[PDB]
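Below: one structure, written as structure tokens.
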Amino acid sequence: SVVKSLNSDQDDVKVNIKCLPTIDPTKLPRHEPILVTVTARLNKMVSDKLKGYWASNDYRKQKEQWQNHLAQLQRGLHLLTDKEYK
Amino acid sequence: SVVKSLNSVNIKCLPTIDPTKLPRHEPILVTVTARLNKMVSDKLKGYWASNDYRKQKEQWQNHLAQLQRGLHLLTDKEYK
């Protein structure tokens with residue numbers, strides 16, 4: 001109920017809340033870090049909104065920068081689940 | 001003189017090329033395509049519509065990647 005009252009705002013005030021889809025730890029596939037699931041669901045909202053732009057110059061600038069941060073995270077994701085240092 | 005005059009029906013002119021100042025083995029088709037790529041790439045950056053630029057770029061890239069597959073048919077020596 002509070003999700004539908006925050007993702008369906010009338011754009012009344014500048015401060016805004018964007019709600020990710022509900023995450024269920026039980027139904028989530030095991031041996032998968034929560035941080036990975038959150039980023040995957042966060043990607044869909046940003047990627048779909050990136051597709052929704054109208055200014056071609058703005059879309060190309062953000063896509064280059066946003067895709068750069070994801071490539072930085074995956075390099076460090078090895079450090080999250082390891083059994084030894086190297 | 002001719003190429004400069006045309007830049008001032010609309011006809012677009014590629015930069016002038018000569019066979020002498022080229023690699024001794026590079027085919028002409030590669031040389032013409034490479035220059036045509038540069039002209040098209042600059043026009044895409046000059047667009048304004050996000051939907052058009054997103055759609056035209058992949059359509060052009062699809063044709064360009066198909067030509068690269070068949071390029072081996074020119075620089076070949078025997079039918080494999």
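Going through the structure tokens in order, the chains are called A, B, and so on, while each chain numbers its residues from 1 and the ligands are numbered from 1 in the order shown.
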
Show me, as a VMD selection string, the residues of chain B whose atoms get within 12 Å of chain A, using only C-alpha atoms for the distance check. chain B and resid 44 to 55 57

For the residues selected in the previous step, produce a file with C-alpha atoms as a CSV table (one decimal), in the first residue's frame.
chain,number,residue,atom,x,y,z
B,44,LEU,CA,24.9,10.5,-36.1
B,45,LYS,CA,26.5,12.7,-33.4
B,46,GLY,CA,24.7,15.7,-34.9
B,47,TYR,CA,21.2,14.2,-34.4
B,48,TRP,CA,18.7,15.5,-31.8
B,49,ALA,CA,16.1,12.8,-31.5
B,50,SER,CA,17.1,10.0,-29.1
B,51,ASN,CA,14.8,7.4,-30.7
B,52,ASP,CA,16.2,8.1,-34.2
B,53,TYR,CA,19.8,8.0,-33.2
B,54,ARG,CA,19.3,4.8,-31.2
B,55,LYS,CA,17.6,3.2,-34.1
B,57,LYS,CA,23.0,3.6,-35.4

Long-range neighbours of residue B:17 as a PyMOL selection string, 10 Å cut-off, only C-alpha atoms, 3 positions minimum in chain: chain B and resi 14+20-22+28+31-32+35

With N, CA and C atoms retained, could you export that selection as a short mmCIF file (atom, residue, chain, number, x, y, z; two decimals), in the first residue's frame?
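Okay, this is what ended up in part.cif:
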data_model
loop_
_atom_site.label_atom_id
_atom_site.label_comp_id
_atom_site.auth_asym_id
_atom_site.auth_seq_id
_atom_site.Cartn_x
_atom_site.Cartn_y
_atom_site.Cartn_z
N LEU B 14 32.98 12.45 -51.04
CA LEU B 14 33.99 11.89 -50.17
C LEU B 14 35.33 12.58 -50.40
N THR B 20 48.21 5.72 -55.32
CA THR B 20 49.65 5.71 -55.09
C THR B 20 49.97 5.80 -53.60
N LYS B 21 49.30 6.69 -52.88
CA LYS B 21 49.57 6.88 -51.45
C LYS B 21 48.70 5.97 -50.59
N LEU B 22 48.72 4.68 -50.90
CA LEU B 22 47.93 3.68 -50.21
C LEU B 22 48.80 2.45 -49.98
N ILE B 28 40.51 -1.44 -52.53
CA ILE B 28 39.84 -0.15 -52.64
C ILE B 28 38.54 -0.15 -51.86
N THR B 31 39.08 0.92 -48.42
CA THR B 31 39.39 2.34 -48.32
C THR B 31 38.14 3.20 -48.46
N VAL B 32 37.27 2.88 -49.42
CA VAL B 32 36.05 3.66 -49.60
C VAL B 32 35.12 3.51 -48.41
N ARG B 35 36.24 5.61 -45.24
CA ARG B 35 35.93 7.03 -45.33
C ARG B 35 34.43 7.28 -45.22
#

Taking 6 positions as the minimum chain separation for residues in the same chain, which residues sit within 12 Å of residue A:44 when counting only C-alpha atoms? Answer as number ranges by chain. A: 20-21, 37-38, 50-51

Which residues are close to residue B:4, i.e. within 12 Å by only C-alpha atoms, leaving aside same-chain residues fewer than 6 positions away? Reply as a PyMOL selection string. chain B and resi 11-16

Keeping N, CA, C and O atoms for every residue in the selection just given, could you write it to a file as an mmCIF file, in the first residue's frame?
data_model
loop_
_atom_site.group_PDB
_atom_site.id
_atom_site.type_symbol
_atom_site.label_atom_id
_atom_site.label_comp_id
_atom_site.auth_asym_id
_atom_site.auth_seq_id
_atom_site.Cartn_x
_atom_site.Cartn_y
_atom_site.Cartn_z
ATOM 1 N N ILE B 11 24.395 16.676 -53.288
ATOM 2 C CA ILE B 11 25.380 15.631 -53.535
ATOM 3 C C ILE B 11 26.494 15.766 -52.510
ATOM 4 O O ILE B 11 27.097 16.836 -52.380
ATOM 5 N N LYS B 12 26.768 14.684 -51.790
ATOM 6 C CA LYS B 12 27.835 14.644 -50.800
ATOM 7 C C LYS B 12 29.060 13.987 -51.415
ATOM 8 O O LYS B 12 28.949 12.949 -52.075
ATOM 9 N N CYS B 13 30.224 14.591 -51.199
ATOM 10 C CA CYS B 13 31.462 14.167 -51.836
ATOM 11 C C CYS B 13 32.439 13.645 -50.793
ATOM 12 O O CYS B 13 32.689 14.308 -49.781
ATOM 13 N N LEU B 14 32.979 12.454 -51.041
ATOM 14 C CA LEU B 14 33.991 11.887 -50.172
ATOM 15 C C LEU B 14 35.330 12.582 -50.401
ATOM 16 O O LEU B 14 35.556 13.185 -51.452
ATOM 17 N N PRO B 15 36.230 12.527 -49.418
ATOM 18 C CA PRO B 15 37.579 13.061 -49.633
ATOM 19 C C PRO B 15 38.274 12.359 -50.790
ATOM 20 O O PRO B 15 38.129 11.151 -50.987
ATOM 21 N N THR B 16 39.032 13.136 -51.560
ATOM 22 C CA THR B 16 39.716 12.605 -52.731
ATOM 23 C C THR B 16 40.767 11.583 -52.319
ATOM 24 O O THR B 16 41.496 11.776 -51.342
#

Option closest in space to residue A:22, from A:83, A:49, A:4, A:61 [counting only C-alpha atoms]: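 For residue A:22, the nearest of the candidates is A:4.
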